[PDB]
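S.K.: Got a structure for you, protein_7.pdb, holding PDB, C-alpha atoms (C1' of nucleotides).
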ATOM      1  CA  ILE A 157     -24.824 -75.674 -12.620
ATOM      2  CA  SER A 158     -24.891 -71.896 -13.089
ATOM      3  CA  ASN A 159     -21.199 -72.197 -13.965
ATOM      4  CA  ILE A 160     -21.594 -75.115 -16.395
ATOM      5  CA  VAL A 161     -24.470 -73.456 -18.263
ATOM      6  CA  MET A 162     -22.074 -70.582 -19.072
ATOM      7  CA  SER A 163     -18.771 -72.149 -20.133
ATOM      8  CA  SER A 164     -18.411 -71.694 -23.904
ATOM      9  CA  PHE A 165     -19.619 -68.097 -23.622
ATOM     10  CA  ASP A 166     -16.872 -67.424 -21.077
ATOM     11  CA  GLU A 167     -14.194 -69.050 -23.244
ATOM     12  CA  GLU A 168     -15.157 -67.107 -26.368
ATOM     13  CA  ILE A 169     -15.494 -63.786 -24.536
ATOM     14  CA  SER A 170     -12.067 -64.349 -22.962
ATOM     15  CA  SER A 171     -10.608 -65.129 -26.392
ATOM     16  CA  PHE A 172     -12.122 -61.926 -27.794
ATOM     17  CA  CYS A 173     -10.926 -59.863 -24.816
ATOM     18  CA  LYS A 174      -7.372 -61.186 -25.187
ATOM     19  CA  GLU A 175      -7.062 -59.735 -28.699
ATOM     20  CA  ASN A 176      -8.230 -56.253 -27.612
ATOM     21  CA  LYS A 177      -6.239 -56.016 -24.339
ATOM     22  CA  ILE A 178      -9.414 -56.396 -22.259
ATOM     23  CA  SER A 179      -9.560 -58.119 -18.869
ATOM     24  CA  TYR A 180     -12.489 -60.466 -18.214
ATOM     25  CA  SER A 181     -14.073 -61.554 -14.942
ATOM     26  CA  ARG A 182     -17.484 -62.745 -13.791
ATOM     27  CA  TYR A 183     -19.054 -63.466 -10.392
ATOM     28  CA  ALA A 184     -22.326 -65.317 -11.036
ATOM     29  CA  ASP A 185     -23.951 -62.385 -12.872
ATOM     30  CA  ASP A 186     -21.636 -59.411 -12.310
ATOM     31  CA  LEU A 187     -19.854 -59.354 -15.675
ATOM     32  CA  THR A 188     -17.236 -56.594 -15.559
ATOM     33  CA  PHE A 189     -15.195 -55.592 -18.617
ATOM     34  CA  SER A 190     -12.016 -53.554 -18.190
ATOM     35  CA  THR A 191      -9.514 -52.206 -20.698
ATOM     36  CA  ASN A 192      -6.561 -49.852 -21.014
ATOM     37  CA  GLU A 193      -7.277 -48.589 -24.537
ATOM     38  CA  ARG A 194      -9.734 -45.735 -25.046
ATOM     39  CA  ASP A 195     -13.098 -46.146 -26.808
ATOM     40  CA  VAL A 196     -12.982 -49.923 -27.222
ATOM     41  CA  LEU A 197     -15.567 -50.916 -24.608
ATOM     42  CA  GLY A 198     -18.366 -50.371 -27.127
ATOM     43  CA  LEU A 199     -16.971 -53.205 -29.236
ATOM     44  CA  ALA A 200     -16.797 -55.413 -26.136
ATOM     45  CA  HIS A 201     -20.419 -54.622 -25.259
ATOM     46  CA  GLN A 202     -21.573 -55.375 -28.807
ATOM     47  CA  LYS A 203     -19.602 -58.636 -28.825
ATOM     48  CA  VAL A 204     -20.990 -59.796 -25.475
ATOM     49  CA  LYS A 205     -24.519 -58.906 -26.599
ATOM     50  CA  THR A 206     -24.195 -60.796 -29.890
ATOM     51  CA  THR A 207     -22.608 -63.856 -28.252
ATOM     52  CA  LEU A 208     -25.126 -63.984 -25.391
ATOM     53  CA  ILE A 209     -27.919 -64.372 -27.973
ATOM     54  CA  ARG A 210     -26.240 -66.969 -30.217
ATOM     55  CA  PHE A 211     -24.885 -69.871 -28.141
ATOM     56  CA  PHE A 212     -27.040 -69.687 -25.016
ATOM     57  CA  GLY A 213     -29.945 -68.268 -27.026
ATOM     58  CA  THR A 214     -32.333 -65.398 -26.432
ATOM     59  CA  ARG A 215     -32.994 -66.799 -22.957
ATOM     60  CA  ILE A 216     -31.085 -64.237 -20.863
ATOM     61  CA  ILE A 217     -30.464 -60.660 -21.993
ATOM     62  CA  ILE A 218     -28.374 -57.685 -20.934
ATOM     63  CA  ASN A 219     -30.110 -55.481 -18.366
ATOM     64  CA  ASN A 220     -30.284 -52.242 -20.327
ATOM     65  CA  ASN A 221     -30.660 -50.211 -17.128
ATOM     66  CA  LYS A 222     -27.568 -50.901 -14.990
ATOM     67  CA  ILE A 223     -25.001 -50.752 -17.806
ATOM     68  CA  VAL A 224     -22.540 -48.389 -16.130
ATOM     69  CA  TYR A 225     -19.305 -46.769 -17.311
ATOM     70  CA  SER A 226     -16.438 -45.577 -15.133
ATOM     71  CA  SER A 227     -12.829 -44.410 -15.248
ATOM     72  CA  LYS A 228     -10.203 -42.950 -12.934
ATOM     73  CA  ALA A 229     -12.184 -39.693 -13.064
ATOM     74  CA  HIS A 230     -14.952 -41.160 -10.893
ATOM     75  CA  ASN A 231     -15.298 -44.034  -8.447
ATOM     76  CA  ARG A 232     -14.460 -47.488  -9.818
ATOM     77  CA  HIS A 233     -15.438 -50.780  -8.160
ATOM     78  CA  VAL A 234     -15.260 -54.483  -9.016
ATOM     79  CA  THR A 235     -17.468 -56.506  -6.626
ATOM     80  CA  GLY A 236     -17.126 -54.475  -3.455
ATOM     81  CA  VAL A 237     -13.401 -53.847  -3.879
ATOM     82  CA  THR A 238     -12.463 -50.229  -4.589
ATOM     83  CA  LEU A 239      -9.685 -49.626  -7.121
ATOM     84  CA  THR A 240      -7.667 -46.516  -6.331
ATOM     85  CA  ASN A 241      -6.251 -44.045  -8.828
ATOM     86  CA  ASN A 242      -2.807 -45.108  -7.541
ATOM     87  CA  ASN A 243      -3.455 -48.734  -8.629
ATOM     88  CA  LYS A 244      -4.313 -50.176  -5.218
ATOM     89  CA  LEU A 245      -7.129 -52.352  -3.866
ATOM     90  CA  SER A 246      -8.832 -50.839  -0.812
ATOM     91  CA  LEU A 247     -12.301 -50.911   0.724
ATOM     92  CA  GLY A 248     -13.078 -47.187   0.469
ATOM     93  CA  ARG A 249     -12.632 -44.179   2.721
ATOM     94  CA  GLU A 250     -15.988 -44.474   4.508
ATOM     95  CA  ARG A 251     -15.441 -48.088   5.576
ATOM     96  CA  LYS A 252     -11.733 -47.434   6.151
ATOM     97  CA  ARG A 253     -12.611 -44.765   8.715
ATOM     98  CA  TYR A 254     -15.522 -46.730  10.210
ATOM     99  CA  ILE A 255     -13.307 -49.704  11.088
ATOM    100  CA  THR A 256     -10.552 -47.532  12.552
ATOM    101  CA  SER A 257     -13.063 -45.515  14.596
ATOM    102  CA  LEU A 258     -14.504 -48.741  16.009
ATOM    103  CA  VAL A 259     -11.103 -50.222  16.855
ATOM    104  CA  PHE A 260     -10.125 -46.923  18.498
ATOM    105  CA  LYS A 261     -13.326 -46.887  20.566
ATOM    106  CA  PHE A 262     -12.388 -50.406  21.660
ATOM    107  CA  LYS A 263      -9.358 -48.999  23.502
ATOM    108  CA  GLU A 264     -11.419 -46.433  25.421
ATOM    109  CA  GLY A 265     -13.865 -49.167  26.464
ATOM    110  CA  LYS A 266     -17.072 -47.325  25.532
ATOM    111  CA  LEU A 267     -18.500 -50.052  23.268
ATOM    112  CA  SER A 268     -21.164 -52.639  24.053
ATOM    113  CA  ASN A 269     -20.686 -56.366  23.505
ATOM    114  CA  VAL A 270     -23.074 -56.386  20.526
ATOM    115  CA  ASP A 271     -20.646 -54.453  18.318
ATOM    116  CA  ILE A 272     -17.633 -56.452  19.530
ATOM    117  CA  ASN A 273     -18.796 -59.201  17.177
ATOM    118  CA  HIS A 274     -19.203 -56.507  14.507
ATOM    119  CA  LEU A 275     -15.545 -55.518  14.876
ATOM    120  CA  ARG A 276     -14.557 -59.195  14.955
ATOM    121  CA  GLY A 277     -16.256 -59.772  11.612
ATOM    122  CA  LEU A 278     -14.944 -56.545  10.088
ATOM    123  CA  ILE A 279     -11.329 -57.205  11.125
ATOM    124  CA  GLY A 280     -11.611 -60.781   9.880
ATOM    125  CA  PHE A 281     -12.948 -59.495   6.567
ATOM    126  CA  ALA A 282     -10.176 -56.891   6.328
ATOM    127  CA  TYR A 283      -7.816 -59.794   5.641
ATOM    128  CA  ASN A 284      -9.429 -61.196   2.468
ATOM    129  CA  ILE A 285      -9.566 -57.936   0.446
ATOM    130  CA  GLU A 286      -6.835 -55.685   1.836
ATOM    131  CA  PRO A 287      -4.093 -57.824   3.449
ATOM    132  CA  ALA A 288      -2.408 -54.602   4.636
ATOM    133  CA  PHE A 289      -4.996 -52.463   6.484
ATOM    134  CA  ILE A 290      -4.603 -54.405   9.741
ATOM    135  CA  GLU A 291      -0.829 -53.983   9.460
ATOM    136  CA  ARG A 292      -1.416 -50.229   9.187
ATOM    137  CA  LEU A 293      -3.584 -50.378  12.318
ATOM    138  CA  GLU A 294      -0.732 -52.211  14.053
ATOM    139  CA  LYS A 295       1.676 -49.516  12.852
ATOM    140  CA  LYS A 296      -0.611 -46.766  14.202
ATOM    141  CA  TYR A 297      -2.405 -48.184  17.258
ATOM    142  CA  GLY A 298      -0.193 -51.176  18.058
ATOM    143  CA  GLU A 299      -0.192 -54.972  18.126
ATOM    144  CA  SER A 300      -1.670 -54.962  21.638
ATOM    145  CA  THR A 301      -4.801 -53.278  20.248
ATOM    146  CA  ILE A 302      -5.341 -55.623  17.300
ATOM    147  CA  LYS A 303      -4.570 -58.818  19.252
ATOM    148  CA  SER A 304      -7.525 -58.261  21.575
ATOM    149  CA  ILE A 305     -10.446 -58.542  19.134
ATOM    150  CA  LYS A 306      -9.212 -61.459  17.008
ATOM    151  CA  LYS A 307      -9.044 -63.503  20.240
ATOM    152  CA  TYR A 308     -11.719 -61.698  22.244
ATOM    153  CA  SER A 309     -13.477 -63.533  25.068
TER     154      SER A 309
ATOM    155  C1'  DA B   1     -44.541 -69.808 -15.305
ATOM    156  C1'  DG B   2     -49.782 -68.678 -15.503
ATOM    157  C1'  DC B   3     -53.199 -64.003 -16.100
ATOM    158  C1'  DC B   4     -57.979 -60.706 -11.443
ATOM    159  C1'  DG B   5     -60.689 -56.497 -12.213
ATOM    160  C1'  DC B   6     -59.570 -51.586 -13.528
ATOM    161  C1'  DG B   7     -59.377 -48.083 -16.465
ATOM    162  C1'  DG B   8     -57.713 -45.834 -20.671
ATOM    163  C1'  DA B   9     -58.085 -46.614 -25.958
ATOM    164  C1'  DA B  10     -58.854 -47.576 -30.731
ATOM    165  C1'  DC B  11     -62.945 -47.095 -33.212
ATOM    166  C1'  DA B  12     -67.586 -45.808 -34.599
ATOM    167  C1'  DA B  13     -72.340 -44.277 -35.014
ATOM    168  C1'  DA B  14     -75.347 -40.257 -33.204
ATOM    169  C1'  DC B  15     -75.773 -35.254 -31.562
ATOM    170  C1'  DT B  16     -74.313 -30.530 -32.234
ATOM    171  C1'  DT B  17     -71.987 -26.379 -33.424
ATOM    172  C1'  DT B  18     -70.464 -23.646 -37.880
ATOM    173  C1'  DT B  19     -68.663 -23.308 -41.816
ATOM    174  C1'  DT B  20     -70.447 -22.185 -47.179
ATOM    175  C1'  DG B  21     -73.672 -20.656 -51.406
ATOM    176  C1'  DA B  22     -78.358 -18.680 -52.667
ATOM    177  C1'  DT B  23     -82.625 -15.886 -51.763
ATOM    178  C1'  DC B  24     -84.822 -12.069 -50.070
ATOM    179  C1'  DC B  25     -86.169  -7.312 -48.798
ATOM    180  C1'  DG B  26     -85.666  -2.898 -47.269
ATOM    181  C1'  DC B  27     -83.554   0.892 -49.152
ATOM    182  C1'  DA B  28     -81.844   4.408 -50.710
ATOM    183  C1'  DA B  29     -81.091   5.308 -55.973
ATOM    184  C1'  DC B  30     -83.221   6.982 -60.550
ATOM    185  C1'  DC B  31     -86.741   9.896 -63.170
ATOM    186  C1'  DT B  32     -88.278  13.916 -62.569
ATOM    187  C1'  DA B  33     -91.332  15.805 -59.403
ATOM    188  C1'  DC B  34     -92.279  12.406 -56.057
ATOM    189  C1'  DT B  35     -95.833   5.210 -56.796
ATOM    190  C1'  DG B  36     -91.760   7.340 -63.861
ATOM    191  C1'  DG B  37     -92.908   2.904 -65.760
ATOM    192  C1'  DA B  38     -93.139  -0.794 -69.093
ATOM    193  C1'  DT B  39     -87.048   0.424 -63.541
ATOM    194  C1'  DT B  40     -82.995  -1.493 -61.900
ATOM    195  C1'  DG B  41     -78.947  -2.391 -58.379
ATOM    196  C1'  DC B  42     -76.799  -3.009 -53.397
ATOM    197  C1'  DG B  43     -75.884  -4.319 -48.802
ATOM    198  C1'  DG B  44     -77.798  -6.577 -44.001
ATOM    199  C1'  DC B  45     -80.595 -10.825 -42.791
ATOM    200  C1'  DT B  46     -82.005 -15.388 -43.181
ATOM    201  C1'  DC B  47     -82.300 -20.102 -45.219
ATOM    202  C1'  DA B  48     -81.485 -25.138 -44.720
ATOM    203  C1'  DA B  49     -77.080 -28.307 -46.505
ATOM    204  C1'  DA B  50     -73.097 -30.255 -45.457
ATOM    205  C1'  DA B  51     -68.254 -30.594 -44.460
ATOM    206  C1'  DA B  52     -66.275 -30.412 -39.746
ATOM    207  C1'  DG B  53     -66.149 -31.307 -33.790
ATOM    208  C1'  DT B  54     -67.757 -33.466 -29.680
ATOM    209  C1'  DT B  55     -70.138 -37.331 -27.137
ATOM    210  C1'  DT B  56     -71.177 -41.576 -25.931
ATOM    211  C1'  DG B  57     -71.778 -47.294 -25.786
ATOM    212  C1'  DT B  58     -68.829 -51.444 -27.038
ATOM    213  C1'  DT B  59     -64.641 -54.401 -27.718
ATOM    214  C1'  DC B  60     -60.014 -55.909 -26.660
ATOM    215  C1'  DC B  61     -55.834 -54.982 -25.376
ATOM    216  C1'  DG B  62     -51.861 -55.058 -19.965
ATOM    217  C1'  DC B  63     -50.606 -56.186 -15.478
ATOM    218  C1'  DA B  64     -49.071 -58.616  -9.366
ATOM    219  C1'  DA B  65     -47.680 -62.295  -6.183
ATOM    220  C1'  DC B  66     -47.157 -65.909  -5.495
ATOM    221  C1'  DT B  67     -48.652 -70.854  -5.406
ATOM    222  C1'  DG B  68     -50.203 -78.249  -2.129
ATOM    223  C1'  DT B  69     -45.709 -82.550   1.921
ATOM    224  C1'  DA B  70     -41.903 -77.329   2.436
ATOM    225  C1'  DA B  71     -35.590 -74.247   8.215
ATOM    226  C1'  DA B  72     -35.214 -70.870  14.186
ATOM    227  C1'  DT B  73     -29.102 -71.324  12.509
ATOM    228  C1'  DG B  74     -23.359 -66.712  16.727
ATOM    229  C1'  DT B  75     -19.709 -62.184  12.902
ATOM    230  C1'  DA B  76     -18.735 -59.476   7.890
ATOM    231  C1'  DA B  77     -19.400 -59.704   2.372
ATOM    232  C1'  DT B  78     -20.309 -61.374  -2.330
ATOM    233  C1'  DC B  79     -24.364 -62.875  -6.688
TER     234       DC B  79
END
Rewrite the coordinates I just gave you, this time as structure tokens.

M.R.:
Amino acid sequence: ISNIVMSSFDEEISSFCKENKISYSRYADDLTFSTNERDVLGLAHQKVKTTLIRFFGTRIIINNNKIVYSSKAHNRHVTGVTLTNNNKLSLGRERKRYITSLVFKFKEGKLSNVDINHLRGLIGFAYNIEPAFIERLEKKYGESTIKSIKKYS
DNA sequence: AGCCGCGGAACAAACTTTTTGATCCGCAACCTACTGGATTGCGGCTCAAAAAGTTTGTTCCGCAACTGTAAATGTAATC
């Protein structure tokens, strides 16, 4: 129902974004606008504000507190996924090192069974965002290391 | 989505602390010796009167967490 209530808004905003070389996406309420041209996002913000108050009405409004700008100069994220300056999709250095530290500690056998499920979930999740990271772990630590958590007993 | 008591506020009559515009009264001046008229004039001191400065009793304004039959759910992450 949350999707059906916002269907014409999405179509019109996509049509507007197509003409200005702007990419559109939306997860429930996480509307992210991205572009390659410089100083065009103001027009996109004005358009989304004026179309959110015309079809769907004055019912919902733009949170004028969390409107955030970003570029390659600073950190850029789209729903948990970190976009690198080299045009790559990764989790982020902190998580990237946390997972590898945990999988390394697995080999030394100094980890309790509580966090074994933590590593199971984290390795399983590092297949839906970055399909590569586990391959890099295999390249560094080995297949024998990875194929012990995914089928842990 | 509704609106509890609490405490500032926006107003508005009363007190209350000075700004102003005369009036006065020593008080040295004349004038000549000295109360010189039958005089003025001049600067501190005081007077309510009233345009300014608080002080205090009343009236609305706003806002929070959750509501009456009602989910413990192996791991990670999204709105």

S.K.: With a cut-off of 10 Å and counting only C-alpha atoms (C1' of nucleotides), select all residues of chain B in contact with chain A and give the selection as a ChimeraX atom specification.

M.R.: /B:74-79

S.K.: Give me the result of the PyMOL selection byres ((chain A and resi 242-259) around 8) on this file, residue by residue, as a list in words.

M.R.: residues 236, 237, 238, 239, 240, 241, 260, 261, 262, 263, 275, 278, 279, 285, 286, 293, 301 and 302 of chain A

S.K.: Just the number, please: distance in Å from atom CA of residue 227 of chain A to atom CA of residue 196 of chain A, one decimal.

M.R.: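 Computed distance, atom CA of residue 227 of chain A to atom CA of residue 196 of chain A, equals 13.2 Å.
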
S.K.: Carefully work through the PyMOL selection byres ((chain B and resi 52) around 9) for this structure and note down the residues it includes, as JSON, numbers by chain.

M.R.: {"B": [18, 19, 50, 51, 53]}

S.K.: Grab the residues selected above and save them as a JSON list (two decimals), in the coordinates of the input with C-alpha atoms (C1' of nucleotides).

M.R.:
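Output file again16.json is given in full below:
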[["chain", "number", "residue", "atom", "x", "y", "z"],
["B", 18, "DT", "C1'", -70.46, -23.65, -37.88],
["B", 19, "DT", "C1'", -68.66, -23.31, -41.82],
["B", 50, "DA", "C1'", -73.10, -30.26, -45.46],
["B", 51, "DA", "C1'", -68.25, -30.59, -44.46],
["B", 53, "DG", "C1'", -66.15, -31.31, -33.79]]

S.K.: Care to translate the PyMOL selection byres ((chain A and resi 167-172) around 12) into actual residues of this file, as a ChimeraX atom specification?

M.R.: /A:160,162-166,173-182,187-190,197,199-208,210-211

S.K.: What is the distance, in Å and to one decimal place, between atom CA of residue 213 of chain A and atom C1' of residue 64 of chain B?

M.R.: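 Rounded to one decimal, the two atoms are 27.8 Å apart.
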
S.K.: By how many Å are atom CA of residue 161 of chain A and atom CA of residue 233 of chain A apart?

M.R.: 26.4 Å

S.K.: Extract, using all atoms listed in the file, all DNA, RNA and protein residues at most 12 Å from residue 59 of chain B, discarding same-chain residues fewer than 4 positions from it, and format them as a CSV table (one decimal) with C-alpha atoms (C1' of nucleotides), keeping the file's coordinate frame.

M.R.:
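File around_34.csv, as written:
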chain,number,residue,atom,x,y,z
B,9,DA,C1',-58.1,-46.6,-26.0
B,10,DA,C1',-58.9,-47.6,-30.7
B,11,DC,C1',-62.9,-47.1,-33.2
B,12,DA,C1',-67.6,-45.8,-34.6

S.K.: Grab all the atoms of segment 200-219 of chain A that the file lists, wrap them in a box along x, y and z, add 5 Å per side, and give me centre plus edge lengths in Å (one decimal) as lines of an AutoDock Vina configuration file.

M.R.:
center_x = -24.9
center_y = -62.2
center_z = -24.3
size_x = 26.2
size_y = 25.2
size_z = 21.9

S.K.: Report as a compact mmCIF listing (two decimals) with C-alpha atoms (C1' of nucleotides), keeping the file's coordinate frame all protein, DNA and RNA residues lying within 12 Å of residue 3 of chain B, evaluated on all atoms listed in the file, omitting residues in the same chain fewer than 3 positions from it.

M.R.:
# COMPACT_ATOMS: atom_id res chain seq x y z
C1' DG B 62 -51.86 -55.06 -19.96
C1' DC B 63 -50.61 -56.19 -15.48
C1' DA B 64 -49.07 -58.62 -9.37
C1' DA B 65 -47.68 -62.30 -6.18

S.K.: Compile the contact shell of segment 25-32 of chain B as a list in words: residues with an atom at most 12 Å away, counting all atoms listed in the file, same-chain residues fewer than 3 positions apart removed.

M.R.: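 Close residues of segment 25-32 of chain B: residues 36, 37, 39, 40, 41, 42, 43, 44, 45 and 46 of chain B.
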
S.K.: Output segment 271-294 of chain A as an mmCIF file, in the coordinates of the input, making sure N, CA, C and O atoms are there.

M.R.:
data_model
loop_
_atom_site.group_PDB
_atom_site.id
_atom_site.type_symbol
_atom_site.label_atom_id
_atom_site.label_comp_id
_atom_site.auth_asym_id
_atom_site.auth_seq_id
_atom_site.Cartn_x
_atom_site.Cartn_y
_atom_site.Cartn_z
ATOM 1 N N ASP A 271 -21.521 -54.875 19.402
ATOM 2 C CA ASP A 271 -20.646 -54.453 18.318
ATOM 3 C C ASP A 271 -19.255 -55.066 18.396
ATOM 4 O O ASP A 271 -18.478 -54.912 17.451
ATOM 5 N N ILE A 272 -18.912 -55.750 19.489
ATOM 6 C CA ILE A 272 -17.633 -56.452 19.530
ATOM 7 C C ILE A 272 -17.593 -57.530 18.457
ATOM 8 O O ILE A 272 -16.578 -57.716 17.778
ATOM 9 N N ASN A 273 -18.703 -58.249 18.278
ATOM 10 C CA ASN A 273 -18.796 -59.201 17.177
ATOM 11 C C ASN A 273 -18.746 -58.499 15.825
ATOM 12 O O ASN A 273 -18.206 -59.053 14.859
ATOM 13 N N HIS A 274 -19.297 -57.285 15.738
ATOM 14 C CA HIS A 274 -19.203 -56.507 14.507
ATOM 15 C C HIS A 274 -17.749 -56.224 14.148
ATOM 16 O O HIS A 274 -17.326 -56.440 13.006
ATOM 17 N N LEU A 275 -16.970 -55.738 15.116
ATOM 18 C CA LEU A 275 -15.545 -55.518 14.876
ATOM 19 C C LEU A 275 -14.816 -56.822 14.585
ATOM 20 O O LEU A 275 -13.899 -56.843 13.761
ATOM 21 N N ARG A 276 -15.184 -57.913 15.260
ATOM 22 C CA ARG A 276 -14.557 -59.195 14.955
ATOM 23 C C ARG A 276 -14.749 -59.554 13.488
ATOM 24 O O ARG A 276 -13.783 -59.875 12.784
ATOM 25 N N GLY A 277 -15.989 -59.468 13.006
ATOM 26 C CA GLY A 277 -16.256 -59.772 11.612
ATOM 27 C C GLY A 277 -15.563 -58.818 10.658
ATOM 28 O O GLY A 277 -15.025 -59.239 9.632
ATOM 29 N N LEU A 278 -15.556 -57.523 10.984
ATOM 30 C CA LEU A 278 -14.944 -56.545 10.088
ATOM 31 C C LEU A 278 -13.431 -56.717 10.010
ATOM 32 O O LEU A 278 -12.850 -56.618 8.925
ATOM 33 N N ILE A 279 -12.770 -56.970 11.143
ATOM 34 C CA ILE A 279 -11.329 -57.205 11.125
ATOM 35 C C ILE A 279 -11.011 -58.502 10.396
ATOM 36 O O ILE A 279 -10.040 -58.578 9.633
ATOM 37 N N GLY A 280 -11.816 -59.546 10.618
ATOM 38 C CA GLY A 280 -11.611 -60.781 9.880
ATOM 39 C C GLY A 280 -11.783 -60.596 8.385
ATOM 40 O O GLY A 280 -11.074 -61.211 7.587
ATOM 41 N N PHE A 281 -12.723 -59.737 7.987
ATOM 42 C CA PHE A 281 -12.948 -59.495 6.567
ATOM 43 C C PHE A 281 -11.871 -58.593 5.978
ATOM 44 O O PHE A 281 -11.568 -58.689 4.782
ATOM 45 N N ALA A 282 -11.277 -57.721 6.796
ATOM 46 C CA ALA A 282 -10.176 -56.891 6.328
ATOM 47 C C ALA A 282 -8.880 -57.687 6.373
ATOM 48 O O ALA A 282 -7.829 -57.180 6.776
ATOM 49 N N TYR A 283 -8.960 -58.937 5.923
ATOM 50 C CA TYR A 283 -7.816 -59.794 5.641
ATOM 51 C C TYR A 283 -7.935 -60.458 4.285
ATOM 52 O O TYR A 283 -6.922 -60.910 3.742
ATOM 53 N N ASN A 284 -9.138 -60.514 3.716
ATOM 54 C CA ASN A 284 -9.429 -61.196 2.468
ATOM 55 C C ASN A 284 -9.472 -60.250 1.274
ATOM 56 O O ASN A 284 -9.348 -60.713 0.135
ATOM 57 N N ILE A 285 -9.640 -58.948 1.502
ATOM 58 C CA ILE A 285 -9.566 -57.936 0.446
ATOM 59 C C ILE A 285 -8.274 -57.133 0.540
ATOM 60 O O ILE A 285 -7.460 -57.136 -0.385
ATOM 61 N N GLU A 286 -8.068 -56.432 1.653
ATOM 62 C CA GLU A 286 -6.835 -55.685 1.836
ATOM 63 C C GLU A 286 -5.983 -56.402 2.871
ATOM 64 O O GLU A 286 -6.256 -56.293 4.075
ATOM 65 N N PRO A 287 -4.952 -57.149 2.465
ATOM 66 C CA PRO A 287 -4.093 -57.824 3.449
ATOM 67 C C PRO A 287 -3.264 -56.870 4.292
ATOM 68 O O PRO A 287 -2.574 -57.328 5.212
ATOM 69 N N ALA A 288 -3.309 -55.567 4.012
ATOM 70 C CA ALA A 288 -2.408 -54.602 4.636
ATOM 71 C C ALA A 288 -3.062 -53.832 5.781
ATOM 72 O O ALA A 288 -2.427 -53.602 6.812
ATOM 73 N N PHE A 289 -4.321 -53.420 5.605
ATOM 74 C CA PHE A 289 -4.996 -52.463 6.484
ATOM 75 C C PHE A 289 -4.747 -52.762 7.961
ATOM 76 O O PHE A 289 -4.444 -51.853 8.744
ATOM 77 N N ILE A 290 -4.855 -54.035 8.351
ATOM 78 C CA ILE A 290 -4.603 -54.405 9.741
ATOM 79 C C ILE A 290 -3.152 -54.141 10.121
ATOM 80 O O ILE A 290 -2.862 -53.763 11.262
ATOM 81 N N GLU A 291 -2.219 -54.337 9.187
ATOM 82 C CA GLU A 291 -0.829 -53.983 9.460
ATOM 83 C C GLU A 291 -0.682 -52.484 9.689
ATOM 84 O O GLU A 291 0.110 -52.053 10.533
ATOM 85 N N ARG A 292 -1.438 -51.670 8.948
ATOM 86 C CA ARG A 292 -1.416 -50.229 9.187
ATOM 87 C C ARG A 292 -1.986 -49.886 10.559
ATOM 88 O O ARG A 292 -1.476 -48.991 11.244
ATOM 89 N N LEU A 293 -3.051 -50.579 10.973
ATOM 90 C CA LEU A 293 -3.584 -50.378 12.318
ATOM 91 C C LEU A 293 -2.550 -50.743 13.375
ATOM 92 O O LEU A 293 -2.412 -50.050 14.391
ATOM 93 N N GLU A 294 -1.819 -51.837 13.153
ATOM 94 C CA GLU A 294 -0.732 -52.211 14.053
ATOM 95 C C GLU A 294 0.346 -51.134 14.085
ATOM 96 O O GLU A 294 0.895 -50.823 15.147
#
